[PDB]
Amino acid sequence: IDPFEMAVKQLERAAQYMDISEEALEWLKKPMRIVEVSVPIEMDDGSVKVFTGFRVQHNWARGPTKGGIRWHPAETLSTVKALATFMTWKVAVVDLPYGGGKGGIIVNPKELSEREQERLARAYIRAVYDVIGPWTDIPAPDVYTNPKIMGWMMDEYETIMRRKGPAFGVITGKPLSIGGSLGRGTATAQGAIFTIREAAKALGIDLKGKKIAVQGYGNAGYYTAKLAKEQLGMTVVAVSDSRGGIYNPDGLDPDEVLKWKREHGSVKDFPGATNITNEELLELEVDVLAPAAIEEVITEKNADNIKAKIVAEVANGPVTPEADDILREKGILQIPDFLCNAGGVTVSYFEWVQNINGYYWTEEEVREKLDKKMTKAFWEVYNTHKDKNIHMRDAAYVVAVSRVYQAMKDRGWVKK
Ligand SMILES: NC(=O)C1=CN([C@@H]2O[C@H](COP(=O)(O)OP(=O)(O)OC[C@H]3O[C@@H](n4cnc5c(N)ncnc54)[C@H](OP(=O)(O)O)[C@@H]3O)[C@@H](O)[C@H]2O)C=CC1
Ligand SMILES: O=C(O)CCC(=O)C(=O)O
Ligand SMILES: [N+]
């Protein structure tokens, strides 16, 4: 279905668990500002190629909009709008002074050289300059988009701004040399681990030796497994990748699994471990299930097969609403995706704060601030879920949309 219509339907489904005026719902149903520009670059051969770029600012009631830029050949305006709407609730759920934004360029970066990529990054900034800024709209890395491109775009923005204000704060995810932040690489996994700790505390169970079956071995998944093993007292018993997955009741070492995967191209066939399908790992007797590879790994046809006490949605939407309602019945505690993986945007906010203050924090301060933020956000969502007797995803929507509504009413944008 159309991603934007799906996001609007999700917001409308959330709207009936809270008292929100019709005018506010109609306001939140459409992005406040959408910018579509031509992005011309000189290719290596010498020809000029024009690309289509997007920058959607859904809502800036709570502050400047935040959201990454994805370089994908299948990128559409509808997807960018849906993701900007999602970023609004994402930043609202962790109580950030941010709004929701999103950008994108319809391009295949694989067919682009380094110089062509830098030209594209600089031309995108030269085109969307008038609607971005450290207090207006702060982009970030996304799919096929990395700190190198952030450094290039930051440099272009500083050249246009003539170093008048803090140009480091215009974009996040930059390298450490130019206004980068420590703790950025493990932000999503660290936040997910904090939320898993809070969820286990809510369930009133001890984590000394409990099984965890991480699904996926990306930047999310590998670090999620490593931190679950490291400072959580847990026991990694199953990890998986696109090619396959492994299982060991005795225990597992995430680092030895990662180096084997890097030296062979996949985790599959880890010595001393039984190779199992990703489906078999999804339905495995564990306490924490943490999908961090791809969305929609849990469906109605297999939702009943999950026995995990906690399902930590590190991936961006791995559970469907049908499976959501099915899994709520069994008593399985669910952590919504835009609450579980909010550590990335929280550390991006920390980077922006350090940039605007001109003062940079150590790893320990970043970790502690993120710990407090994630703990507060999870407890706010869970108390709403228990008080209203609703699904954790619905409670997170109620919290985020309520925050944005309150900001909109206080600005006077809407009356009722
Ligand atoms: N970690 C982060 O910084 C962030 C995490 N997320 C979400 O986390 C998810 C993963 O991101 P991240 O791990 O960082 O990066 P990647 O998506 O690059 O890594 C995910 C890995 O999971 C494996 N995988 C891919 N598809 C499947 C599949 N169908 N079944 C099983 N395993 C699969 C692959 O391992 P391989 O191909 O090598 O076998 C892949 O490299 C995404 O949905 C993302 O939106 C959210 C925000 C940021
Ligand atoms: O980190 C950010 O500010 C936004 C990146 C993004 O799109 C996300 O985390 O979903
Ligand atoms: N994030």
# chains A, B, ... in the order shown; residues from 1 in each chain; ligands from 1
>>> select_by_dssp(residues="region 52-294 of chain A", states="alpha helix (DSSP H)", output="number ranges by chain")
A: 77-93, 114-128, 147-161, 187-203, 219-230, 254-264, 278-282
>>> residues_near_ligand(ligand="ligand 1", cutoff="7 Å", atoms="only C-alpha atoms and all ligand atoms", output="list in words")
residues 185, 187, 188, 189, 215, 216, 217, 218, 219, 220, 221, 240, 241, 242, 243, 265, 266, 278, 292, 293, 294, 295, 314, 315, 316, 341 and 344 of chain A
>>> write_last_selection(atoms="N, CA, C and O atoms", output="CSV table (one decimal), in the first residue's frame")
chain,number,residue,atom,x,y,z
A,185,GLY,N,28.0,5.1,17.2
A,185,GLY,CA,28.0,3.8,16.5
A,185,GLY,C,27.1,2.8,17.2
A,185,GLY,O,26.4,2.0,16.5
A,187,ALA,N,24.5,3.5,19.3
A,187,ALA,CA,23.4,4.3,19.9
A,187,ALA,C,22.1,3.4,19.9
A,187,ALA,O,21.4,3.3,20.9
A,188,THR,N,21.7,2.9,18.7
A,188,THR,CA,20.5,2.1,18.6
A,188,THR,C,20.5,0.9,19.5
A,188,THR,O,19.6,0.6,20.2
A,189,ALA,N,21.6,0.1,19.4
A,189,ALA,CA,21.8,-1.1,20.2
A,189,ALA,C,21.8,-0.7,21.7
A,189,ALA,O,21.1,-1.4,22.5
A,215,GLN,N,18.1,-11.6,16.2
A,215,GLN,CA,17.9,-12.0,14.8
A,215,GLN,C,18.5,-10.9,13.9
A,215,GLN,O,18.0,-9.7,13.9
A,216,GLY,N,19.5,-11.2,13.2
A,216,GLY,CA,20.2,-10.3,12.4
A,216,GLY,C,21.6,-9.9,13.0
A,216,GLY,O,21.7,-9.7,14.2
A,217,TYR,N,22.5,-9.6,12.1
A,217,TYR,CA,23.9,-9.3,12.6
A,217,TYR,C,24.5,-8.0,11.9
A,217,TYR,O,25.5,-8.0,11.3
A,218,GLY,N,23.7,-6.9,11.9
A,218,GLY,CA,24.1,-5.7,11.3
A,218,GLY,C,24.8,-4.8,12.4
A,218,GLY,O,25.4,-5.3,13.3
A,219,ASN,N,24.7,-3.5,12.1
A,219,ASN,CA,25.1,-2.6,13.2
A,219,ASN,C,24.2,-2.6,14.4
A,219,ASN,O,24.7,-2.6,15.5
A,220,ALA,N,22.9,-2.7,14.1
A,220,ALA,CA,21.9,-3.0,15.2
A,220,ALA,C,22.2,-4.3,15.9
A,220,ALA,O,22.5,-4.3,17.1
A,221,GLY,N,22.1,-5.4,15.1
A,221,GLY,CA,22.0,-6.8,15.7
A,221,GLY,C,23.3,-7.3,16.4
A,221,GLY,O,23.2,-7.8,17.6
A,240,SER,N,21.6,-14.8,14.0
A,240,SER,CA,21.3,-15.2,12.7
A,240,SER,C,21.6,-14.1,11.7
A,240,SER,O,21.9,-12.9,12.2
A,241,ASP,N,21.7,-14.4,10.4
A,241,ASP,CA,21.9,-13.4,9.4
A,241,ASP,C,21.0,-13.8,8.2
A,241,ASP,O,20.2,-14.7,8.3
A,242,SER,N,21.2,-13.1,7.1
A,242,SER,CA,20.4,-13.4,5.9
A,242,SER,C,20.6,-14.8,5.4
A,242,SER,O,19.7,-15.4,5.0
A,243,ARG,N,21.8,-15.3,5.4
A,243,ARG,CA,22.1,-16.6,4.9
A,243,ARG,C,21.7,-17.7,5.8
A,243,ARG,O,21.2,-18.7,5.4
A,265,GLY,N,31.9,-14.1,5.0
A,265,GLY,CA,30.7,-13.5,4.4
A,265,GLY,C,29.4,-13.8,5.1
A,265,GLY,O,28.4,-13.2,4.7
A,266,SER,N,29.3,-14.7,6.0
A,266,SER,CA,28.1,-15.0,6.7
A,266,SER,C,28.4,-15.7,8.1
A,266,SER,O,29.5,-16.3,8.2
A,278,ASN,N,16.3,-19.0,9.8
A,278,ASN,CA,15.8,-17.8,10.5
A,278,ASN,C,14.4,-17.9,11.1
A,278,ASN,O,14.1,-17.4,12.2
A,292,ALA,N,16.6,-7.5,14.4
A,292,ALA,CA,17.3,-6.3,14.0
A,292,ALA,C,17.9,-6.4,12.6
A,292,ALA,O,18.9,-5.9,12.2
A,293,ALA,N,17.1,-7.1,11.7
A,293,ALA,CA,17.6,-7.3,10.3
A,293,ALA,C,16.7,-6.7,9.3
A,293,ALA,O,17.1,-5.8,8.5
A,294,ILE,N,15.4,-7.0,9.3
A,294,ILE,CA,14.5,-6.6,8.4
A,294,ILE,C,13.1,-6.5,9.0
A,294,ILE,O,12.8,-7.2,10.0
A,295,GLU,N,12.2,-5.7,8.5
A,295,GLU,CA,10.8,-5.6,9.0
A,295,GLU,C,10.0,-6.8,8.6
A,295,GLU,O,10.3,-7.5,7.7
A,314,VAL,N,14.1,-3.9,17.7
A,314,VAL,CA,15.2,-3.1,17.2
A,314,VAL,C,15.0,-2.7,15.8
A,314,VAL,O,15.3,-1.6,15.4
A,315,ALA,N,14.6,-3.6,14.9
A,315,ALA,CA,14.3,-3.3,13.5
A,315,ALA,C,13.1,-2.4,13.4
A,315,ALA,O,12.3,-2.3,14.3
A,316,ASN,N,13.1,-1.7,12.2
A,316,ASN,CA,12.0,-0.7,12.0
A,316,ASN,C,10.8,-1.4,11.5
A,316,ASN,O,10.4,-1.5,10.4
A,341,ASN,N,14.4,1.5,19.1
A,341,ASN,CA,15.6,2.0,18.4
A,341,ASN,C,15.6,3.6,18.4
A,341,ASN,O,16.2,4.2,17.5
A,344,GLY,N,19.3,5.9,18.6
A,344,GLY,CA,20.0,6.6,17.5
A,344,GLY,C,19.7,8.0,17.4
A,344,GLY,O,20.6,8.9,17.3
>>> residues_near_ligand(ligand="ligand 2", cutoff="8 Å", atoms="only C-alpha atoms and all ligand atoms", output="list in words")
residues 66, 67, 68, 69, 83, 84, 87, 90, 102, 138, 139, 140, 141, 142, 172, 173, 316, 338, 341, 342, 344, 345, 346, 347, 348 and 349 of chain A
>>> residues_around(residues="region 108-122 of chain A", least_positions_apart="4", cutoff="7 Å", atoms="only C-alpha atoms", output="MDAnalysis selection string")
chainID A and resid 41 43:44 71:73 126 149 152:153 156
>>> write_last_selection(atoms="N, CA, C and O atoms", output="mmCIF file, in the first residue's frame")
data_model
loop_
_atom_site.group_PDB
_atom_site.id
_atom_site.type_symbol
_atom_site.label_atom_id
_atom_site.label_comp_id
_atom_site.auth_asym_id
_atom_site.auth_seq_id
_atom_site.Cartn_x
_atom_site.Cartn_y
_atom_site.Cartn_z
ATOM 1 N N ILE A 41 24.268 17.380 -11.126
ATOM 2 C CA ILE A 41 25.686 17.161 -10.875
ATOM 3 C C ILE A 41 26.388 16.913 -12.198
ATOM 4 O O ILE A 41 25.799 16.401 -13.157
ATOM 5 N N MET A 43 28.783 14.671 -14.072
ATOM 6 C CA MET A 43 29.323 13.327 -13.978
ATOM 7 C C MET A 43 30.792 13.311 -14.388
ATOM 8 O O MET A 43 31.329 14.289 -14.916
ATOM 9 N N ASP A 44 31.444 12.177 -14.131
ATOM 10 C CA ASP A 44 32.872 12.051 -14.412
ATOM 11 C C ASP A 44 33.160 12.179 -15.903
ATOM 12 O O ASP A 44 34.200 12.718 -16.302
ATOM 13 N N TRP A 71 19.503 7.707 0.113
ATOM 14 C CA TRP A 71 19.805 7.690 -1.318
ATOM 15 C C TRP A 71 19.401 6.317 -1.846
ATOM 16 O O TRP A 71 20.128 5.337 -1.695
ATOM 17 N N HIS A 72 18.223 6.245 -2.459
ATOM 18 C CA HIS A 72 17.711 4.985 -2.971
ATOM 19 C C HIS A 72 17.058 5.172 -4.335
ATOM 20 O O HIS A 72 16.368 6.169 -4.565
ATOM 21 N N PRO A 73 17.253 4.225 -5.260
ATOM 22 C CA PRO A 73 16.604 4.342 -6.573
ATOM 23 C C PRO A 73 15.100 4.131 -6.532
ATOM 24 O O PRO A 73 14.411 4.551 -7.469
ATOM 25 N N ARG A 126 23.082 22.708 -1.709
ATOM 26 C CA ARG A 126 22.904 23.932 -2.475
ATOM 27 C C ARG A 126 21.467 24.111 -2.951
ATOM 28 O O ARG A 126 21.028 25.245 -3.154
ATOM 29 N N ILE A 149 29.278 11.388 3.808
ATOM 30 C CA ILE A 149 28.343 12.270 3.121
ATOM 31 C C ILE A 149 27.889 13.397 4.047
ATOM 32 O O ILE A 149 27.694 14.536 3.607
ATOM 33 N N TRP A 152 30.625 15.988 3.958
ATOM 34 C CA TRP A 152 30.536 16.775 2.728
ATOM 35 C C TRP A 152 29.399 17.794 2.785
ATOM 36 O O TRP A 152 29.592 18.972 2.443
ATOM 37 N N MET A 153 28.206 17.365 3.207
ATOM 38 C CA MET A 153 27.069 18.280 3.275
ATOM 39 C C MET A 153 27.282 19.373 4.311
ATOM 40 O O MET A 153 26.889 20.524 4.096
ATOM 41 N N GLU A 156 29.539 21.943 2.724
ATOM 42 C CA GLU A 156 28.808 22.777 1.768
ATOM 43 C C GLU A 156 27.921 23.791 2.488
ATOM 44 O O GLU A 156 27.864 24.969 2.106
#
>>> closest_residue(among="A:93, A:132, A:286, A:356", to="ligand 3", atoms="only C-alpha atoms and all ligand atoms")
A:93
>>> closest_residue(among="A:2, A:263, A:256, A:23", to="residue 408 (chain A)", atoms="only C-alpha atoms")
A:23
>>> closest_residue(among="A:191, A:233, A:31, A:103", to="ligand 3", atoms="only C-alpha atoms and all ligand atoms")
A:191
>>> closest_residue(among="A:333, A:234, A:372, A:364", to="residue 385 (chain A)", atoms="only C-alpha atoms")
A:333
>>> residues_around(residues="residue 63 (chain A)", least_positions_apart="5", cutoff="10 Å", atoms="only C-alpha atoms", output="PyMOL selection string")
chain A and resi 91+96-100+135-137+407
>>> residues_around(residues="residue 393 (chain A)", least_positions_apart="6", cutoff="10 Å", atoms="only C-alpha atoms", output="ChimeraX atom specification")
/A:14,321,324,334-339,381-382,385,399
>>> write_last_selection(atoms="C-alpha atoms", output="CSV table (one decimal), in the first residue's frame")
chain,number,residue,atom,x,y,z
A,14,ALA,CA,-4.1,5.7,17.5
A,321,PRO,CA,-0.7,-5.4,13.7
A,324,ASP,CA,0.7,-7.5,17.4
A,334,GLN,CA,6.4,-5.8,23.3
A,335,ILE,CA,8.7,-2.8,22.8
A,336,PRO,CA,7.5,-0.7,19.9
A,337,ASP,CA,10.1,0.0,17.2
A,338,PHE,CA,10.2,3.8,17.4
A,339,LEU,CA,10.7,3.4,21.2
A,381,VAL,CA,5.0,4.4,27.5
A,382,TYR,CA,4.5,1.3,29.8
A,385,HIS,CA,-0.1,0.9,28.3
A,399,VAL,CA,2.3,9.6,24.4
>>> select_by_dssp(residues="region 257-377 of chain A", states="strand (DSSP E)", output="PyMOL selection string")
chain A and resi 274-276+288-291+310-312+333-335
>>> residues_around(residues="residue 105 (chain A)", least_positions_apart="3", cutoff="7 Å", atoms="only C-alpha atoms", output="list in words")
residues 51, 52, 53, 54, 70, 71, 72 and 75 of chain A
>>> residues_around(residues="residue 194 (chain A)", least_positions_apart="6", cutoff="9 Å", atoms="only C-alpha atoms", output="PyMOL selection string")
chain A and resi 340+370-372+374-375+378
>>> write_last_selection(atoms="N, CA, C and O atoms", output="tab-separated table (two decimals), in the first residue's frame")
chain	number	residue	atom	x	y	z
A	340	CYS	N	12.09	1.42	20.81
A	340	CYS	CA	13.24	0.56	21.05
A	340	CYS	C	14.51	1.10	20.40
A	340	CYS	O	15.57	1.12	21.02
A	370	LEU	N	21.85	9.01	27.72
A	370	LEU	CA	21.01	8.13	26.92
A	370	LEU	C	20.28	7.12	27.80
A	370	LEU	O	19.11	6.81	27.55
A	371	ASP	N	20.96	6.59	28.83
A	371	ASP	CA	20.32	5.68	29.77
A	371	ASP	C	19.11	6.33	30.42
A	371	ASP	O	18.01	5.75	30.44
A	372	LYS	N	19.28	7.54	30.94
A	372	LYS	CA	18.17	8.22	31.60
A	372	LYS	C	17.03	8.51	30.62
A	372	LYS	O	15.86	8.29	30.94
A	374	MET	N	16.22	6.92	27.75
A	374	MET	CA	15.54	5.69	27.36
A	374	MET	C	14.70	5.14	28.51
A	374	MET	O	13.57	4.67	28.29
A	375	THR	N	15.22	5.18	29.73
A	375	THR	CA	14.47	4.68	30.88
A	375	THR	C	13.19	5.47	31.07
A	375	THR	O	12.10	4.89	31.24
A	378	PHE	N	10.66	4.67	28.16
A	378	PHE	CA	10.03	3.37	28.29
A	378	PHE	C	9.02	3.36	29.42
A	378	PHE	O	7.93	2.78	29.29
